[PDB]
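Coming up, as structure tokens: structure 1 and structure 2, two forms of one and the same protein chain.
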Structure 1
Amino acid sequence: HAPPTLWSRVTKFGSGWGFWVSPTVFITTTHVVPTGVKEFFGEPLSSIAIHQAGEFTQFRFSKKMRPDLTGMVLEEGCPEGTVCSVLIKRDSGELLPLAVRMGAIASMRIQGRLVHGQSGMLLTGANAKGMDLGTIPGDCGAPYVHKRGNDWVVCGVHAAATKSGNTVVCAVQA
């Protein structure tokens, strides 16, 4: 039930996607960040505070980059059992929320990189028939969000998946 303003925060970035938490804060998965660049979104590196670890990257810009947005809450993962929506966007702009039942926050090594993440299982009963790991786009960086009361919170960014157990991992901030 995510509103259009929430989806307007999901942005193509590098080899994947990221998400505007607020006018000044953008989050993504580290491995999709472009290298050898002198700017992100036109802003020089000298003007961006970067905080990243365990495949979670946060950029805090020195000016309002998306002044259209309200600041929302970024949490360091979510409680076990939370049903999150992964806000997957297609290149066409089509919106594909993917429901996931979240498990435990843990450190993991994935493809030789330390990941500070939260695992989850796709919630088949809350996704369109046939919309699963074998059919979604394979991009990273999409945000994991859930509702706290009536308000949406963001708690991670898509980092990994495996068909074994229909399992996904989001990286989480520390």
Structure 2
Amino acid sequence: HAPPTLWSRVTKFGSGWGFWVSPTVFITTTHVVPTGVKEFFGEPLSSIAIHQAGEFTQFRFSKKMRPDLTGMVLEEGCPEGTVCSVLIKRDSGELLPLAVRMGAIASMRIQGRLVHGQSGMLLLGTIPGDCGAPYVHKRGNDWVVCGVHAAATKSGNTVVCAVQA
């Protein structure tokens, strides 16, 4: 049961979504970031610390963009066998949380790109435009985010999230 505040962190961005880890840190999948844009959320690129690798992108802003949020833990993937929720938002507004059992972390070549990824098997499917949606799981009392949606095989039952370096 992801609460409304956790859903409110999922944010429309470029050709997909991103996720507010904290009031200043925003993560997404690199390939959804719009490329001829010089401002993100009213901020100029010069005010954003940007870290990117293996299709995982992090922005750190110079000002509290989402002061309503608490900071939560961002992990480099999760343990194999962890069940995670993919907090998918559709453009219609529909909320679609997908349960996924996470497999191994690995380097992957997907449509010509290197992805530092973690595979997962769904337990509905994903579509173009869902990329950047967060992979989250509960750590007892709290929620942990550990990936952003990147790919789903030809089949449909396996998904890939990019994870931090």
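The term rigid core refers to the most C-alpha atoms you can superpose between the two forms while keeping them within 1.5 Å. The first residue in the sequence of structure 1 is number 1, and each one after it adds one.
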property: Displaced position between the two structures, chosen from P67, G138, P44, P34 (C-alpha, 2 Å or more, rigid core); result: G138
property: Displacement in Å of the C-alpha of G93 between the two structures, rigid core kept as reference; result: 2.2
property: For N150, CA displacement between the two structures after the core is overlaid, in Å; result: 1.7
property: After superposing on the core, C-alpha shift for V25 between the two structures in angstrom; result: 0.3
